[PDB]
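Peer 1: I'd like to ask some things about the structure below.
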Amino acid sequence: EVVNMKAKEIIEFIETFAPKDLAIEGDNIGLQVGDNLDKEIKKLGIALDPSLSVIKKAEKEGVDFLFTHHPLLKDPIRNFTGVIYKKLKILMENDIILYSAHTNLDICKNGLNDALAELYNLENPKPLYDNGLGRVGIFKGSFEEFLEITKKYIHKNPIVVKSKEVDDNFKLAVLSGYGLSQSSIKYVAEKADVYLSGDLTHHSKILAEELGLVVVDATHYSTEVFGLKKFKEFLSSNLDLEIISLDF
Amino acid sequence: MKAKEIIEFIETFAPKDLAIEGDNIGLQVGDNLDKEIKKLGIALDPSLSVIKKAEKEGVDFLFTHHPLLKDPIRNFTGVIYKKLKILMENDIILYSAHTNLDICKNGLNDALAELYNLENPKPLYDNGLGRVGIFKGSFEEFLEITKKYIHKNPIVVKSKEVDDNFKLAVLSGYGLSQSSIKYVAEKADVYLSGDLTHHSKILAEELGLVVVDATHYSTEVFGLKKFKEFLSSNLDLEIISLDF
Amino acid sequence: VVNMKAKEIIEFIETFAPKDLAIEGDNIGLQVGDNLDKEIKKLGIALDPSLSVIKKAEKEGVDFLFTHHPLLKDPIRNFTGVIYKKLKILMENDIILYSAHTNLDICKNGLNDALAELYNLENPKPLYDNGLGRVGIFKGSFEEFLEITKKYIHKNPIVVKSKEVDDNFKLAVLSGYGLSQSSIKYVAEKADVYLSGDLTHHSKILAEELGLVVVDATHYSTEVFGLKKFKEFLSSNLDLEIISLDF
Amino acid sequence: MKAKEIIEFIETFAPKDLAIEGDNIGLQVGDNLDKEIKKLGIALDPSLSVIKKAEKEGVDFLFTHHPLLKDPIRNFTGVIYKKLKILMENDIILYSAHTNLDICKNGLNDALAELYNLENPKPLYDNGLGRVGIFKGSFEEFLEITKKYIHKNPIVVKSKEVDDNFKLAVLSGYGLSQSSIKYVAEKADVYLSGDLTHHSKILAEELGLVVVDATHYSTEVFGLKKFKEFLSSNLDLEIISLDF
Amino acid sequence: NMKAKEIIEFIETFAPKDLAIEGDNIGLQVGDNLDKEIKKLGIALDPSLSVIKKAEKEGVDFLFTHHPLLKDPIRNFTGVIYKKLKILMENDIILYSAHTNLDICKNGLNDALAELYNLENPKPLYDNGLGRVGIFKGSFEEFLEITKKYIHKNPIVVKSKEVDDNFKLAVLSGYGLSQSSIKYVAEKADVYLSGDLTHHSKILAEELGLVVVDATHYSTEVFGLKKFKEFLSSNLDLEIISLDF
Amino acid sequence: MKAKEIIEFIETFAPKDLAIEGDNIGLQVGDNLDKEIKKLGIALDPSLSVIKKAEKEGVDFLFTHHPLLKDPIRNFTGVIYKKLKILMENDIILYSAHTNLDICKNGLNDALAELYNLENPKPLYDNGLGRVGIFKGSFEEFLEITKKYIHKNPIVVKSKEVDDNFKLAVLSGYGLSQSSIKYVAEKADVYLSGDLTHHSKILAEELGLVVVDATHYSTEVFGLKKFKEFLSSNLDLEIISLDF
Ligand SMILES: [Fe+2]
Ligand SMILES: [Fe+2]
Ligand SMILES: [Fe+2]
Ligand SMILES: [Fe+2]
Ligand SMILES: [Fe+2]
Ligand SMILES: [Fe+2]
């Protein structure tokens, strides 16, 4: 039986899986665009980004509730022109609800970071940061086995900054999305031998090389979508509601 | 005519660089400025009911004196959702001239200064806000003009007696903050503006500045009506007012 | 009827309205004064430490001047004009000036409680986290609420009738200036009717959009109501001549 | 020649007041600038491996494009300790020209502009960073030049089709921040720079700005080689490159 | 008799208020009516309590001080500041200050020092106009002797290096010996004459080889303030006394 | 002994979490802490001449009371260059216990308190800085103690007469800021500290607080000598003093 749900029921279910208070300070989570949460929902769409093409695709596929991992806006605005105008207009004239679980989806049990920790079967995993982001533990295997898993399940040509030789049973840190800032490299260099994340840039590569931290950039997109598919299939398994993905 | 032409006409009258630092002037809501405009609506406030009225009257371009938002947001729920939904669904352009319309020649403050026929008028503040000059008449005559053209029942804080030919300061809108009262007490005998509150009243009494609160609304709408008729004289376009 | 030392008056007042109830940054306590052993024959109560109030205190032989509002919110480092004239009257007459501001707003039976008890609010709770204001159910009609306002607070209150109000509605009260834009947004989530003072245009417009009915009974009157209660509380307990200056 | 003479030559080419606000340009590590210099080393980064190589090759004056530290410190441990110790015990001078070398005439951004032979080039930002102008040719010809001279396999974010004689913006190093994307989208059809990340890619696609990431390293090293060759041509001094 | 506002325009002609550095609390400290007639003007370095007590005792009407009454703003009046204001207000004594505008102006406190040492072709030491620097045409010992004879009998000398004749001398009246000041002046001079030396600044001067002479905050200012006092006495028909010097 | 063992011993005496907020305590300069230590040097200040003397005397672990840098830097030239070059090329560890050594039991302030035999001593400030208590004797006896054990000719600001059995506050180093004078005036009759300047002197006189400046150096070196003898008594290690 596939059935219609009210928006508020979907939201309460998502927030049971990924409570809002797990979100780190200042993260723009929750209702992005919407008014009435009693709205009946026929079709739930899941996306990584609330991009313009995702929102156009939501309109085309008759999506009533659009879930995105990333918030619509990180920085507040007071004028509505260009792209943000095009996006809000499509959402508002179609009364499409836009809702986000961001770092709360990263941090929660079986969330985006746990999905990575489980894929690599990390021994005794711990949160990588104090705020609960990322996971770290021992990878029980060779660097090459880790690489093959990375290539088979996450991304084919990952960038490897092979700063040093890596022995079997090494400490592996994972962080879905963008974990490769300079300050993150410095912090993680103390906690792990290998750091798997996304969005490598030049100064961070150089730093990783100086510190002997092996960094694997399997992209921002892929390291999050892996967990986001698990999330989608979790929702499909529990809600009798048509659910589609839009940018994955 | 097209929206960008209405906008260039307004910005010729009241240039954007006249706005004080940080004022959210210009385009509030809109994308295509080549859009043809049949009906222009003028409002003091971009309130929910004003926006509902614009939609109802087939307004294509909504001009307001106050910006839609002072403080930036990153979620769209409740009232702002309702306002944006009406504007966006109908492609109604929302555009504002705020302090640039206060400050410019023949703008809202010049309108008050001209109503009272101020002798040798000067900007009240360095940034160009407000006007001050001599009111060539008695206090009571100043009051009669106020009641006849701006507001029938102004609040008068009669901190001292006012002799004929006094210095009168005007500031359309909200000019009655505590720091304004202190500043204007040095420059004028009588201060005509809006939105008086308790502490500013006490302060004016202490300083001996006579303050006349003819309301925020009326002291702006007077000049805003002049602006509307100016637009009507120059633009071949249906132009209506929505909250005045 | 007898004379008291200033510090005895201060201790009685701070027993009623403890300083630690004051919100962050509030300039409460001693405003102007040195020696607190000074004997006090006449205590004067005022809402504002205005220039005319201070002149009246001098004229009536007030030794201890209590005001609800602090003399200064913003600190200064030059003493001219009005503040010069005021300090000179206080110092030349050695008049002690002391204030209870938000600690008097927040304390039990203080300015906000006075309003809550006046409207007989059912199960009142603090309106804001810092303890400012009160909110609860008004057991009656909107009309009965307005009459109480007109009978006890202010004759012609401004009413922003943003929506219809049914009997037994949620009423929020806040003595003084509670009508800022951010207050309207916050209180709109908590009550049907908001009674406070000092309404200005943008707040009025905002209240209308949110459906919050706003009643402006003025800054002065919504505080003086409780300030009269305070004055009577002092008179019942202190053997001392006590007058009011701006009410 | 003395270190101060090398410094004066570089600063004549790329004056320090051209550096943007807060940029840590000039002398990074050094004391005596009267010291005579036998071997000058040029590097993009003052990395630990670059500094070690400098010692091994007997470099006494080490020039880098990037400053040693952006953020100030007050403790000396770990990597920064190893770097300072090698520089200090060997009295190797470390000197940087950063954004002043990006902005100056024939500096890193001009070199890109000249490579693409931009028609009527202007600075991309007000502060002088980047260049923008017309590429007199097809997008494919533009790609071919990029592949031959800068990076064999650039990432192309093909947000839209690009017509011949399009507007090309170049910015050596990292010019692909989100605010940079939004800004450059109004000035150019194609944005050539380095260090593309996910949110910026998405933004570029939404805006129709075609972005070509030829890497941070390669888009700087191209001009840094021209700078090296200019030094070699004018200074009677051994000059080597260390990380390129 | 002359009015208070006339004394103020006279002082401000000598030392214009726009010369004061950003944020300096110069001008009218305590007072209302400036049409007030003034019989007796008192000059002081500090508006201290005892200076203000002395002002009342001597019938001073206009109290001029180099230092402002308050640097940091207040919003309560108790203890010492209550006592100072009470004396000024019940006696209607006007309190007025010229602070850095008096340090910086032509023939002001820093120029007074520069002239004492006959500095060859002097320039302002800081961009904002504070201090003076130039060549002292003589030996270090001759410089010390002038210091001992005219400013302070026994200055603290931090002798960080030997000093050759015809050296560069920087002077700054009052407190010029902060750590950031030592670093700055070390680039500009061989010898630094000022007041209020403390331990970290002393160490820093030794490291940089900057010779520092602390002839005290008080003396390096009172020297010029006496010249200022005689300047007023020569031009104003008015009884003028000094209170803490 | 290894460097880390010396550090663990010092931190047992003066725990790092006792330091006031932001105080730059701990490792200033050093990399390898398993290093065995040949000679420990103690200094008040990590000055240039102190560090030179350490090199000359073969000190490999240099302890100072004052941190090397309070304000972080990002360029390394002049004096700081000369200092780091010596520490780094000789691999000399530089470590500081600053306010944690001021506050800890038998630390610098306790040493003063015990010297004057303060009756029933308390911390002067909430954060644990300084000590205050009753001096069981005359002002003159206090002065005689000050002259014999701390500094001959201390500067005395004799703001009022001092009766026997007065309250004495002590603070090793710089305790004579204006806000400290105001604070201590409420708590003691006499304030013993260092680094007096003019405005503080005037302020003390206004408040009637008697202030004795026995100098920054000496009021700390007294306790620092006790600390040195404590280390010498407990560690099988050569220990010398460098600036005292
Ligand atoms: Fe992400
Ligand atoms: Fe307005
Ligand atoms: Fe109030
Ligand atoms: Fe770069
Ligand atoms: Fe001074
Ligand atoms: Fe110290």
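By convention in this document, the chains of the structure tokens carry letters A, B, ... by their order, each chain's residues are numbered from 1, and ligands are numbered from 1 in the order they are shown.
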Using only C-alpha atoms and all ligand atoms, what are the residues with an atom within 8 Å of ligand 6, set out as a PyMOL selection string?

Peer 2: chain F and resi 44+65-66+98+172-174+216-217+220

Peer 1: Which residues are near ligand 3 - at most 9 Å, using only C-alpha atoms and all ligand atoms? Format: as a list in words.

Peer 2: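 The distance check yields residues 198 and 199 of chain B; 47, 48, 68, 69, 101, 102, 105, 175, 176, 177, 197, 219, 220, 222 and 223 of chain C.
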
Peer 1: Quick one: residues within 12 Å of residue B:55, only C-alpha atoms, excluding same-chain residues fewer than 5 positions away - as a list in words?

Peer 2: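 The filter keeps residues 39, 40, 41, 48, 49, 50, 60, 61, 62, 83, 84, 85, 86, 87, 88, 89, 90, 91, 92, 93, 94 and 242 of chain B.
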
Peer 1: May I have the selected residues written with N, CA and C atoms, as a PDB file, in the first residue's frame?

Peer 2:
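Written file, selection-v2.pdb:
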ATOM      1  N   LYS B  39       0.569  48.830 -14.401  1.00  0.00           N
ATOM      2  CA  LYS B  39      -0.025  49.443 -13.213  1.00  0.00           C
ATOM      3  C   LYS B  39       0.966  49.483 -12.058  1.00  0.00           C
ATOM      4  N   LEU B  40       1.278  50.693 -11.621  1.00  0.00           N
ATOM      5  CA  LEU B  40       2.210  50.946 -10.539  1.00  0.00           C
ATOM      6  C   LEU B  40       1.460  51.237  -9.226  1.00  0.00           C
ATOM      7  N   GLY B  41       1.819  50.532  -8.155  1.00  0.00           N
ATOM      8  CA  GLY B  41       1.238  50.790  -6.846  1.00  0.00           C
ATOM      9  C   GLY B  41       2.259  51.416  -5.902  1.00  0.00           C
ATOM     10  N   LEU B  48       1.795  42.857   4.791  1.00  0.00           N
ATOM     11  CA  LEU B  48       1.055  41.753   4.198  1.00  0.00           C
ATOM     12  C   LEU B  48      -0.225  42.264   3.531  1.00  0.00           C
ATOM     13  N   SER B  49      -0.953  43.167   4.180  1.00  0.00           N
ATOM     14  CA  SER B  49      -2.230  43.583   3.584  1.00  0.00           C
ATOM     15  C   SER B  49      -2.033  44.488   2.360  1.00  0.00           C
ATOM     16  N   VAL B  50      -0.968  45.284   2.365  1.00  0.00           N
ATOM     17  CA  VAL B  50      -0.603  46.052   1.188  1.00  0.00           C
ATOM     18  C   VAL B  50      -0.298  45.126  -0.004  1.00  0.00           C
ATOM     19  N   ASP B  60       1.494  45.641 -11.091  1.00  0.00           N
ATOM     20  CA  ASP B  60       2.630  44.901 -11.664  1.00  0.00           C
ATOM     21  C   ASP B  60       3.935  45.304 -10.982  1.00  0.00           C
ATOM     22  N   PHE B  61       3.982  46.549 -10.525  1.00  0.00           N
ATOM     23  CA  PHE B  61       5.168  47.117  -9.880  1.00  0.00           C
ATOM     24  C   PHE B  61       4.754  47.782  -8.580  1.00  0.00           C
ATOM     25  N   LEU B  62       5.259  47.271  -7.472  1.00  0.00           N
ATOM     26  CA  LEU B  62       4.918  47.810  -6.172  1.00  0.00           C
ATOM     27  C   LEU B  62       6.100  48.620  -5.636  1.00  0.00           C
ATOM     28  N   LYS B  83       4.119  36.732   2.042  1.00  0.00           N
ATOM     29  CA  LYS B  83       4.389  37.934   1.248  1.00  0.00           C
ATOM     30  C   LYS B  83       5.142  37.575  -0.025  1.00  0.00           C
ATOM     31  N   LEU B  84       6.201  36.781   0.122  1.00  0.00           N
ATOM     32  CA  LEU B  84       7.002  36.382  -1.034  1.00  0.00           C
ATOM     33  C   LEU B  84       6.180  35.548  -2.022  1.00  0.00           C
ATOM     34  N   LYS B  85       5.309  34.698  -1.496  1.00  0.00           N
ATOM     35  CA  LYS B  85       4.508  33.855  -2.373  1.00  0.00           C
ATOM     36  C   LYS B  85       3.579  34.692  -3.274  1.00  0.00           C
ATOM     37  N   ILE B  86       2.952  35.728  -2.725  1.00  0.00           N
ATOM     38  CA  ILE B  86       2.083  36.577  -3.537  1.00  0.00           C
ATOM     39  C   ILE B  86       2.883  37.336  -4.597  1.00  0.00           C
ATOM     40  N   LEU B  87       4.000  37.936  -4.190  1.00  0.00           N
ATOM     41  CA  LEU B  87       4.831  38.678  -5.120  1.00  0.00           C
ATOM     42  C   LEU B  87       5.410  37.785  -6.218  1.00  0.00           C
ATOM     43  N   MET B  88       5.894  36.610  -5.841  1.00  0.00           N
ATOM     44  CA  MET B  88       6.592  35.756  -6.794  1.00  0.00           C
ATOM     45  C   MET B  88       5.634  35.050  -7.733  1.00  0.00           C
ATOM     46  N   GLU B  89       4.491  34.648  -7.219  1.00  0.00           N
ATOM     47  CA  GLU B  89       3.550  33.910  -8.030  1.00  0.00           C
ATOM     48  C   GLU B  89       2.967  34.788  -9.132  1.00  0.00           C
ATOM     49  N   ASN B  90       2.868  36.088  -8.866  1.00  0.00           N
ATOM     50  CA  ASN B  90       2.327  37.061  -9.821  1.00  0.00           C
ATOM     51  C   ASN B  90       3.385  37.888 -10.564  1.00  0.00           C
ATOM     52  N   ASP B  91       4.657  37.584 -10.295  1.00  0.00           N
ATOM     53  CA  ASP B  91       5.811  38.349 -10.781  1.00  0.00           C
ATOM     54  C   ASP B  91       5.621  39.855 -10.573  1.00  0.00           C
ATOM     55  N   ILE B  92       5.192  40.201  -9.368  1.00  0.00           N
ATOM     56  CA  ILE B  92       5.094  41.588  -8.963  1.00  0.00           C
ATOM     57  C   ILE B  92       6.454  42.035  -8.456  1.00  0.00           C
ATOM     58  N   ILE B  93       7.010  43.051  -9.088  1.00  0.00           N
ATOM     59  CA  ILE B  93       8.276  43.607  -8.652  1.00  0.00           C
ATOM     60  C   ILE B  93       8.084  44.478  -7.410  1.00  0.00           C
ATOM     61  N   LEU B  94       8.911  44.259  -6.385  1.00  0.00           N
ATOM     62  CA  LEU B  94       8.885  45.108  -5.197  1.00  0.00           C
ATOM     63  C   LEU B  94      10.198  45.893  -5.128  1.00  0.00           C
ATOM     64  N   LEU B 242      -1.795  52.454  -2.014  1.00  0.00           N
ATOM     65  CA  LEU B 242      -2.357  51.238  -1.425  1.00  0.00           C
ATOM     66  C   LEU B 242      -2.619  51.362   0.078  1.00  0.00           C
TER      67      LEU B 242
END

Peer 1: Pull out every residue of chain E that has at least one atom within 9 Å of chain F, counting only C-alpha atoms, and report them as a list in words.

Peer 2: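 Residues of chain E within 9 Å of chain F, counting only C-alpha atoms: residues 46, 48, 49, 50, 79, 80, 174, 175, 195, 196, 197, 198, 199, 200, 203, 204, 206, 207, 208, 216, 217 and 218 of chain E.
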
Peer 1: Output C-alpha atoms for every residue in the selection just made, as a short mmCIF file (atom, residue, chain, number, x, y, z; two decimals), in the first residue's frame.

Peer 2:
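After the write, result-v4.cif holds the following:
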data_model
loop_
_atom_site.label_atom_id
_atom_site.label_comp_id
_atom_site.auth_asym_id
_atom_site.auth_seq_id
_atom_site.Cartn_x
_atom_site.Cartn_y
_atom_site.Cartn_z
CA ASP E 46 46.28 66.26 37.54
CA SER E 48 43.31 65.03 41.68
CA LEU E 49 41.18 65.26 44.78
CA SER E 50 43.83 67.26 46.65
CA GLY E 79 33.34 57.74 46.58
CA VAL E 80 36.16 59.85 45.15
CA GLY E 174 54.56 61.91 30.05
CA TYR E 175 54.23 58.23 29.26
CA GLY E 195 58.59 58.86 31.78
CA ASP E 196 56.94 55.86 33.48
CA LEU E 197 59.42 53.04 32.66
CA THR E 198 58.37 49.55 33.75
CA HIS E 199 60.16 46.21 33.78
CA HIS E 200 59.14 44.65 30.44
CA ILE E 203 64.24 44.62 29.13
CA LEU E 204 63.02 45.36 25.62
CA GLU E 206 68.21 46.58 26.48
CA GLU E 207 67.55 43.96 23.78
CA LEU E 208 67.19 46.59 21.04
CA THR E 216 59.56 60.63 35.24
CA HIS E 217 56.06 61.24 33.86
CA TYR E 218 55.58 64.19 36.22
#

Peer 1: Please find the residues contacting ligand 1 at a distance of at most 8 Å between atoms, with only C-alpha atoms and all ligand atoms counted, and report them as number ranges by chain.

Peer 2: A: 48, 69-70, 102, 176-178, 220-221, 224

Peer 1: Keeping only N, CA, C and O atoms, write those residues as a PDB file, in the first residue's frame.

Peer 2:
ATOM      1  N   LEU A  48      20.879  15.894  -2.400  1.00  0.00           N
ATOM      2  CA  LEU A  48      22.042  16.363  -1.669  1.00  0.00           C
ATOM      3  C   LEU A  48      21.970  17.884  -1.548  1.00  0.00           C
ATOM      4  O   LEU A  48      22.025  18.439  -0.449  1.00  0.00           O
ATOM      5  N   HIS A  69      19.973  17.600   2.119  1.00  0.00           N
ATOM      6  CA  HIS A  69      20.974  17.494   3.168  1.00  0.00           C
ATOM      7  C   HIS A  69      21.539  18.886   3.466  1.00  0.00           C
ATOM      8  O   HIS A  69      21.687  19.261   4.619  1.00  0.00           O
ATOM      9  N   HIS A  70      21.871  19.635   2.419  1.00  0.00           N
ATOM     10  CA  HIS A  70      22.380  20.992   2.584  1.00  0.00           C
ATOM     11  C   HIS A  70      21.255  21.990   2.662  1.00  0.00           C
ATOM     12  O   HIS A  70      20.306  21.890   1.903  1.00  0.00           O
ATOM     13  N   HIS A 102      21.009  18.496   8.166  1.00  0.00           N
ATOM     14  CA  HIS A 102      22.385  18.733   7.734  1.00  0.00           C
ATOM     15  C   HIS A 102      23.351  18.028   8.704  1.00  0.00           C
ATOM     16  O   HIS A 102      23.525  16.818   8.607  1.00  0.00           O
ATOM     17  N   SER A 176      32.308  12.677   6.162  1.00  0.00           N
ATOM     18  CA  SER A 176      31.502  12.859   4.960  1.00  0.00           C
ATOM     19  C   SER A 176      31.385  14.332   4.588  1.00  0.00           C
ATOM     20  O   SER A 176      31.020  15.176   5.413  1.00  0.00           O
ATOM     21  N   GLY A 177      31.658  14.632   3.327  1.00  0.00           N
ATOM     22  CA  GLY A 177      31.568  15.996   2.847  1.00  0.00           C
ATOM     23  C   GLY A 177      32.905  16.712   2.811  1.00  0.00           C
ATOM     24  O   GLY A 177      33.854  16.255   2.172  1.00  0.00           O
ATOM     25  N   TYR A 178      32.961  17.870   3.460  1.00  0.00           N
ATOM     26  CA  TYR A 178      34.163  18.689   3.444  1.00  0.00           C
ATOM     27  C   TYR A 178      34.849  18.649   4.808  1.00  0.00           C
ATOM     28  O   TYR A 178      34.457  19.350   5.751  1.00  0.00           O
ATOM     29  N   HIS A 220      33.467  15.419  -2.124  1.00  0.00           N
ATOM     30  CA  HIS A 220      32.417  15.901  -1.268  1.00  0.00           C
ATOM     31  C   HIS A 220      31.114  15.169  -1.561  1.00  0.00           C
ATOM     32  O   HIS A 220      30.491  14.595  -0.663  1.00  0.00           O
ATOM     33  N   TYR A 221      30.742  15.162  -2.839  1.00  0.00           N
ATOM     34  CA  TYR A 221      29.512  14.534  -3.310  1.00  0.00           C
ATOM     35  C   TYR A 221      29.430  13.058  -2.934  1.00  0.00           C
ATOM     36  O   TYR A 221      28.474  12.626  -2.290  1.00  0.00           O
ATOM     37  N   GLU A 224      29.197  11.810   0.804  1.00  0.00           N
ATOM     38  CA  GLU A 224      27.900  12.060   1.427  1.00  0.00           C
ATOM     39  C   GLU A 224      26.751  11.262   0.834  1.00  0.00           C
ATOM     40  O   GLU A 224      25.843  10.839   1.557  1.00  0.00           O
TER      41      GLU A 224
END

Peer 1: Between C:224, C:193, C:205, C:17, which has the minimum distance to ligand 2 (counting only C-alpha atoms and all ligand atoms)?

Peer 2: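 The answer is C:205, which sits nearest to ligand 2.
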
Peer 1: Which chain F residues are at most 8 Å from chain D (counting only C-alpha atoms), as a CSV table (one decimal) with N, CA, C and O atoms, in the first residue's frame?

Peer 2:
chain,number,residue,atom,x,y,z
F,24,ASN,N,50.1,32.5,28.3
F,24,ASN,CA,50.9,31.6,27.4
F,24,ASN,C,51.9,30.8,28.2
F,24,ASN,O,53.1,31.0,28.1
F,27,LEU,N,55.2,24.9,27.1
F,27,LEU,CA,56.2,24.8,26.1
F,27,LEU,C,56.2,26.1,25.2
F,27,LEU,O,55.3,26.3,24.5
F,28,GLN,N,57.3,26.8,25.2
F,28,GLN,CA,57.5,28.0,24.4
F,28,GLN,C,58.1,27.6,23.1
F,28,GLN,O,57.7,28.0,22.0
F,29,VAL,N,59.3,26.9,23.2
F,29,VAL,CA,60.1,26.5,22.1
F,29,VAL,C,60.7,25.1,22.4
F,29,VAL,O,61.4,24.9,23.4
F,30,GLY,N,60.5,24.2,21.5
F,30,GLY,CA,61.0,22.8,21.6
F,30,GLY,C,60.3,21.8,20.8
F,30,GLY,O,59.2,22.0,20.4
F,31,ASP,N,60.9,20.7,20.5
F,31,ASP,CA,60.3,19.7,19.7
F,31,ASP,C,60.3,18.4,20.5
F,31,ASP,O,59.3,17.9,21.0
F,68,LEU,N,57.8,33.7,26.4
F,68,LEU,CA,58.6,34.3,25.3
F,68,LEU,C,57.8,35.4,24.6
F,68,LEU,O,58.3,36.5,24.3
F,69,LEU,N,56.6,35.0,24.2
F,69,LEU,CA,55.7,36.0,23.5
F,69,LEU,C,54.4,36.0,24.1
F,69,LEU,O,53.8,34.9,24.5
F,70,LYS,N,53.8,37.2,24.4
F,70,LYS,CA,52.4,37.4,24.8
F,70,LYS,C,51.6,37.5,23.5
F,70,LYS,O,50.5,36.9,23.3
F,71,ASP,N,52.1,38.4,22.6
F,71,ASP,CA,51.3,38.6,21.4
F,71,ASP,C,51.9,37.8,20.2
F,71,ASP,O,53.1,37.8,20.0
F,72,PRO,N,51.0,37.0,19.6
F,72,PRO,CA,51.5,36.1,18.5
F,72,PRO,C,52.1,36.9,17.3
F,72,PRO,O,51.6,38.0,17.1
F,73,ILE,N,53.1,36.4,16.6
F,73,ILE,CA,53.7,37.0,15.5
F,73,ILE,C,53.7,36.1,14.3
F,73,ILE,O,53.4,34.9,14.4
F,74,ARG,N,54.0,36.6,13.1
F,74,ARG,CA,54.0,35.8,11.9
F,74,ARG,C,55.1,36.1,11.0
F,74,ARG,O,55.2,35.7,9.8
F,75,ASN,N,56.1,36.9,11.5
F,75,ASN,CA,57.3,37.2,10.8
F,75,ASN,C,58.4,37.0,11.9
F,75,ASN,O,58.2,37.2,13.0
F,76,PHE,N,59.6,36.7,11.4
F,76,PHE,CA,60.7,36.3,12.4
F,76,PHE,C,62.0,37.0,12.0
F,76,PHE,O,62.8,36.5,11.3
F,77,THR,N,62.1,38.2,12.6
F,77,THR,CA,63.2,39.1,12.3
F,77,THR,C,63.7,39.8,13.5
F,77,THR,O,63.1,39.6,14.6
F,78,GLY,N,64.8,40.5,13.4
F,78,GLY,CA,65.3,41.3,14.6
F,78,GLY,C,65.6,40.5,15.8
F,78,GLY,O,66.2,39.4,15.7
F,81,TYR,N,64.3,36.9,16.0
F,81,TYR,CA,65.1,36.0,15.2
F,81,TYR,C,66.3,35.6,15.9
F,81,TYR,O,66.7,34.4,15.9
F,82,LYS,N,67.1,36.5,16.5
F,82,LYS,CA,68.3,36.2,17.2
F,82,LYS,C,68.0,35.2,18.3
F,82,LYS,O,68.8,34.3,18.6
F,84,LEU,N,65.4,32.9,18.7
F,84,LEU,CA,64.9,31.6,18.2
F,84,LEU,C,66.1,30.8,17.6
F,84,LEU,O,66.2,29.6,17.6
F,85,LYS,N,67.0,31.6,16.9
F,85,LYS,CA,68.1,31.0,16.2
F,85,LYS,C,69.0,30.3,17.2
F,85,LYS,O,69.4,29.2,17.0
F,88,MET,N,67.1,27.2,18.7
F,88,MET,CA,66.8,26.1,17.8
F,88,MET,C,68.1,25.4,17.3
F,88,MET,O,68.1,24.2,17.3
F,89,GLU,N,69.1,26.2,17.1
F,89,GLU,CA,70.4,25.5,16.6
F,89,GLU,C,71.1,24.8,17.7
F,89,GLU,O,71.8,23.8,17.5

Peer 1: When you look at residue A:204 with a cut-off of 10 Å (counting only C-alpha atoms), what residues show up, excluding the ones that are within fewer than 3 positions of it in the same chain? I need them as an MDAnalysis selection string.

Peer 2: chainID A and resid 180:186 199:201 207:210 215

Peer 1: Write out as number ranges by chain each polymer residue whose atoms come within 8 Å of stretch 41-47 of chain A, counting only C-alpha atoms; drop sequence neighbours fewer than 3 positions from it.

Peer 2: A: 3-7, 50, 54, 58, 62-69, 232, 241-248

Peer 1: Pick out the closest residue to ligand 5 from this set: E:144, E:213, E:241, E:102. Count only C-alpha atoms and all ligand atoms.

Peer 2: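 Result for the nearest residue to ligand 5: E:102.
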
Peer 1: Excluding same-chain residues fewer than 5 positions from residue C:182, what lies within 10 Å of it counting only C-alpha atoms, as number ranges by chain?

Peer 2: C: 187-188, 203, 206

Peer 1: Name the residues in contact with residue A:125 at a cut-off of 9 Å, using only C-alpha atoms, excluding same-chain residues fewer than 6 positions from it; report them as a PyMOL selection string.

Peer 2: chain A and resi 114+117+135-138

Peer 1: Among stretch 1-168 of chain D, which ones does DSSP assign to helix (DSSP H, G or I) (computed from the backbone)? Answer as a ChimeraX atom specification.

Peer 2: /D:3-13,16-18,48-56,78-89,99-103,108-115,139-149
